[PDB]
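Structure first, then comments.
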Amino acid sequence: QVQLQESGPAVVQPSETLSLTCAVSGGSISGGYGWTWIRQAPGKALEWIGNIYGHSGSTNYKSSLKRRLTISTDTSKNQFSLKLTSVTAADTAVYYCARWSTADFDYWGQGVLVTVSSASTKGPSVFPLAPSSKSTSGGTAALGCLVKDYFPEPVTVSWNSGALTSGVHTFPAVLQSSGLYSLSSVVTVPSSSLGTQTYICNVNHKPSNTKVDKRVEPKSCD
Amino acid sequence: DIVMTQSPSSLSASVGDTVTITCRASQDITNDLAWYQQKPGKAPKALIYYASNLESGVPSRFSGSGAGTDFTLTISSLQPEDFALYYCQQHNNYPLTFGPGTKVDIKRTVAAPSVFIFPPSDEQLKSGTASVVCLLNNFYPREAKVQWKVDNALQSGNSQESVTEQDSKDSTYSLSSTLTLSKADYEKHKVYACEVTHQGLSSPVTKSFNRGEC
Numbered sequence: 001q002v003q004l005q006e007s008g009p010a011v012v013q014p015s016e017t018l019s020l021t022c023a024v025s026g027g028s029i030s031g032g033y034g035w036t037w038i039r040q041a042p043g044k045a046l047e048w049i050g051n052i053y054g055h056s057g058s059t060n061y062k063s064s065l066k067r068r069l070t071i072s073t074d075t076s077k078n079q080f081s082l083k084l085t086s087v088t089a090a091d092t093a094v095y096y097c098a099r100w101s102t103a104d105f106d107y108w109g110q111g112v113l114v115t116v117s118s119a120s121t122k123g124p125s126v127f128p129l130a131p132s133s134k135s136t137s138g139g140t141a142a143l144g145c146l147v148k149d150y151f152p153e154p155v156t157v158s159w160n161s162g163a164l165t166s167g168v169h170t171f172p173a174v175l176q177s178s179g180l181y182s183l184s185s186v187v188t189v190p191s192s193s194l195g196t197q198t199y200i201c202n203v204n205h206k207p208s209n210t211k212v213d214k215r216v217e218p219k220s221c222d
Numbered sequence: 001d002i003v004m005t006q007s008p009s010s011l012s013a014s015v016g017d018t019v020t021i022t023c024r025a026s027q028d029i030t031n032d033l034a035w036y037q038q039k040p041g042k043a044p045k046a047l048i049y050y051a052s053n054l055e056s057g058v059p060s061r062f063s064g065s066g067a068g069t070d071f072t073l074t075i076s077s078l079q080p081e082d083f084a085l086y087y088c089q090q091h092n093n094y095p096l097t098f099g100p101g102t103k104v105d106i107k108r109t110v111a112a113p114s115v116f117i118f119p120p121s122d123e124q125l126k127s128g129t130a131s132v133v134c135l136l137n138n139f140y141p142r143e144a145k146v147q148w149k150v151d152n153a154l155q156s157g158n159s160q161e162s163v164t165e166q167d168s169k170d171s172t173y174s175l176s177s178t179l180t181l182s183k184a185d186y187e188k189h190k191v192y193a194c195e196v197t198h199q200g201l202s203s204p205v206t207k208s209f210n211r212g213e214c
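Residue numbers (the entry's author numbering), protein chains in the order written: chain H, 1 to 222; chain L, 1 to 214.
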């Protein structure tokens with residue numbers, strides 16, 4: 001049946017042009033359907049970018065993007081495509097191609113993540129999140145590691161070479177305004193174990209071939 | 001542009017329940033309203049069109065209704081694969097617009113967050129930036145608000161948040177909030193505080209530290 005597949009680059013430098021193509025099979029790109037680009041930015045609702053209609057060639061655009069956007073079809077490859085110029089950090093998102101047919105989007109691509117960043121490959125700095133002396137009063141201590149300023153995804157975090165799994169929460173990474181990623185990994189343990197057990201986070205970032213082990217030391221006032 | 005809103009932001013459900021979620025349009029859109037389901041890492045899938053028509057290949061336990069400005073999606077006899085995000089979408093007029101989404105949750109009893117605050121580490125402070133971190137651990141439901149206050153001045157635009165998926169073994173969420181300042185600005189203030197609003201708290205709770213006091 002009808003299948004859509006996005007392709008395009010994963011990283012676009014700020015102010016460069018983002019280019020994507022959707023290859024359509026099981027149906028002609030010249031059919032009377034609305035070939036549509038939609039995107040979803042981190043933690044945001046789906047946003048309709050625009051469309052081109054296969055048979056008439058009519059293009060509908062989001063007003064704020066109209067000076068930067070061109071949508072088109074290629075009948076020799078049965079494709080449609082998206083070009084968006086002068087790209088900024090607001091343009092980082094998962095991009096979907098989709099087919100509008102009368103009353104819903106009945107076929108969708110898989111999505112392709114596009115990230116706007118001028119960063120090169122870089123391993124993280126790893127900073128301890130030690131429990132404050134005060135914070136241990138209730139009998140549970142929260143400790144962790146802040147893994148900051150790396151690119152691209154992903155990093156892996158384990159605790160004590162994987163012997164510590166209970167109570168571990170590793171948060172999804174967020175892209176900072178700098179174009180570099182940052183995440184935190186935390187674990188709660190008993191307060192009484194802060195003087196006996198050693199707590200080390202092991203961070204691996206394969207794209208930069210970096211392995212960091214960070215000992216997380218309890219704070220002491222006296 | 002037509003603004004779509006959705007209610008609730010998340011809905012607590014158990015397998016076998018019948019649940020209803022709500023969509024509202026800022027103008028009369030008659031019946032040009034569709035509903036979609038999205039699961040983590042996957043593209044959205046159409047469920048309902050023309051407010052009430054079941055899309056092909058979609059289980060009949062999905063139904064919908066409404067005309068004009070208010071619309072409902074109902075799931076009867078909820079199945080495990082139905083815990084997901086749900087979006088409405090108007091097509092009455094260009095600027096096709098979607099709602100913010102409703103997440104259907106695994107129901108559990110309310111759990112207030114445990115709040116912890118971390119000053120920047122010594123090593124980072126040597127680097128030249130400062131990250132203050134506020135952790136909200138093991139709470140439910142998902143809606144939580146974190147505000148940063150530096151010497152009782154409410155911060156804005158210099159923090160980012162991150163939330164886990166619903167925990168597989170106890171059904172809770174956790175959230176980190178990271179306040180980023182330059183070193184020079186961080187060293188101009190004393191009291192760093194995050195304030196947490198959540199349904200399981202009678203009143204917003206504050207966790208703070210004073211710079212240079214252990």
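Ideal Cβ positions, reconstructed from N, Cα and C, are used throughout, including at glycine.
With residue i as the anchor, note down where its alpha helix (DSSP H) starts and where it stops.
i                 : result
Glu-165 (chain L) : Careful: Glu-165 (chain L) lies outside any alpha helix (DSSP H) and carries neither H nor E.
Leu-125 (chain L) : 122–127
Under a three-way DSSP split, which group does residue i fall into?
i                 : result
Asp-91 (chain H)  : helix
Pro-100 (chain L) : coil
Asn-53 (chain L)  : strand
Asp-185 (chain L) : helix
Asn-160 (chain H) : helix
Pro-207 (chain H) : helix
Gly-195 (chain H) : helix
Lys-134 (chain H) : helix
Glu-47 (chain H)  : strand
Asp-82 (chain L)  : helix
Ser-64 (chain H)  : helix
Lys-107 (chain L) : coil
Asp-32 (chain L)  : coil
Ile-200 (chain H) : strand
Who are the neighbours of residue i on chain H, taking C-beta pairs under 9 Å?
i                : result
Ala-34 (chain L) : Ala-103, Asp-104, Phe-105
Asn-93 (chain L) : The contacting residues do not exist; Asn-93 (chain L) stays about 11 Å from chain H at best.
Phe-62 (chain L) : Result: empty, since nearest Cβ-Cβ is about 13 Å, beyond 9 Å.
Residue i and residue j look like a contact to me (Cβ under 8 Å); what is the Cβ gap, rounded to whole Å?
i                 : j                 : result
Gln-79 (chain H)  : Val-24 (chain H)  : 7 Å
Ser-19 (chain H)  : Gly-8 (chain H)   : 6 Å
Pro-141 (chain L) : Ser-14 (chain L)  : Rounded, the Cβ-Cβ distance is 14 Å, inconsistent with contact.
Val-87 (chain H)  : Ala-10 (chain H)  : Going by Cβ atoms, the distance from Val-87 (chain H) to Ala-10 (chain H) rounds to 13 Å, so no, they are not a contact pair.
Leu-179 (chain L) : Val-115 (chain L) : Between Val-115 (chain L) and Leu-179 (chain L) the Cβ distance is about 14 Å, and since that is not below 8 Å, they are no contact.
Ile-2 (chain L)   : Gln-27 (chain L)  : 6 Å
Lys-145 (chain L) : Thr-72 (chain L)  : Wrong, their Cβ atoms sit about 27 Å apart, outside the cutoff.
Given that residue i touches chain H, what residues does it touch there, using C-beta distances under 8 Å?
i                 : result
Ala-46 (chain L)  : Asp-104, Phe-105, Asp-106
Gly-99 (chain L)  : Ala-45
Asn-137 (chain L) : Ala-142, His-169, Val-186, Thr-188
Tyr-192 (chain L) : Result: empty, since nearest Cβ-Cβ is about 11 Å, beyond 8 Å.
Strictly below 7 Å CB to CB, what residues from chain L border residue i?
i                 : result
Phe-171 (chain H) : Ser-162, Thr-164, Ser-176
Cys-221 (chain H) : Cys-214
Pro-128 (chain H) : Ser-121
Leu-69 (chain H)  : Correct list: empty, because the minimum Cβ distance to chain L is about 14 Å.
What is the residue span of the beta strand (DSSP E) that residue i lies within?
i                 : result
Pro-128 (chain H) : 125–129
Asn-60 (chain H)  : 59–61
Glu-6 (chain H)   : 3–7
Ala-67 (chain L)  : 62–67
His-198 (chain L) : 191–198
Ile-71 (chain H)  : 69–74
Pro-190 (chain H) : 181–190
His-55 (chain H)  : Where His-55 (chain H) is concerned, there is no enclosing beta strand (DSSP E), given that its DSSP letter is neither H nor E.
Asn-210 (chain L) : 205–210
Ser-177 (chain H) : Neither: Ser-177 (chain H) is in no beta strand (DSSP E) and is coded neither H nor E.
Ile-2 (chain L)   : Run containing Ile-2 (chain L): none; DSSP gives neither H nor E here.
Going along chain L, which residues have a C-beta under 9 Å from residue i?
i                 : result
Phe-151 (chain H) : None at all; the shortest Cβ gap to chain L is about 16 Å.
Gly-109 (chain H) : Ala-43
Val-12 (chain H)  : None at all; the shortest Cβ gap to chain L is about 21 Å.
Residue i touches chain L at which residues, Cβ-Cβ below 8 Å?
i                : result
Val-87 (chain H) : Within chain L, no residue comes near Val-87 (chain H); the closest Cβ sits about 21 Å away, beyond 8 Å.
Just to confirm, does residue i get its C-beta within under 7 Å of one of the non-hydrogen atoms of the ligand PLP?
i                : result
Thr-72 (chain L) : The ligand content of the structure shown is nil, which means the ligand PLP is not present either.
Residues of chain H with CB under 7 Å from residue i, in chain order?
i                : result
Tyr-49 (chain L) : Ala-103, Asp-104
**OP:** Would you be able to state if there are at least three C-beta pairs under 8 Å between the segment 71–81 of chain L and the segment 111–127 of chain H?
**Re:** no
**OP:** Determine, using beta-carbon pairs with one atom in the segment 128–135 of chain H and one in the segment 148–156 of chain H, whether at least three such pairs fall under 8 Å.
**Re:** no
Original post:
Do the segment 148–164 of chain L and the segment 166–175 of chain H meet, that is, are 3 or more Cβ pairs less than 8 Å apart?
Top reply: yes
**OP:** Decide yes or no for the touch test of the segment 195–209 of chain L against the segment 197–217 of chain H: beta carbon pairs closer than 8 Å, at least 3 of them.
**Re:** no
**OP:** Say whether the segment 20–36 of chain H touches the segment 63–81 of chain H, bearing in mind that this needs 3 or more beta-carbon pairs closer than 8 Å, one atom from each stretch.
**Re:** yes
Subject >> Cβ contact check for the segment 38–47 of chain H and the segment 93–103 of chain L: 3 or more pairs under 8 Å >> reply: yes
**OP:** Please determine if the segment 100–113 of chain L and the segment 39–55 of chain L are in contact, where contact requires at least 3 C-beta pairs separated by less than 8 Å.
**Re:** no
Original post:
With contact counted as at least three CB pairs below 8 Å, one residue from each stretch, are the segment 67–75 of chain H and the segment 95–102 of chain H in contact?
Top reply: no
**OP:** Could you tell me whether the segment 195–204 of chain H touches the segment 13–27 of chain L, using the rule of 3 or more Cβ pairs below 8 Å?
**Re:** no
Subject >> Any 3 or more C-beta pairs closer than 8 Å across the segment 168–188 of chain L and the segment 105–115 of chain L >> reply: yes
Original post:
Are the segment 181–192 of chain L and the segment 143–157 of chain L in contact at 8 Å, needing three or more beta carbon pairs?
Top reply: yes
Original post:
For the segment 156–170 of chain H against the segment 143–152 of chain L, are there 3 or more C-beta pairs whose distance is under 8 Å?
Top reply: no
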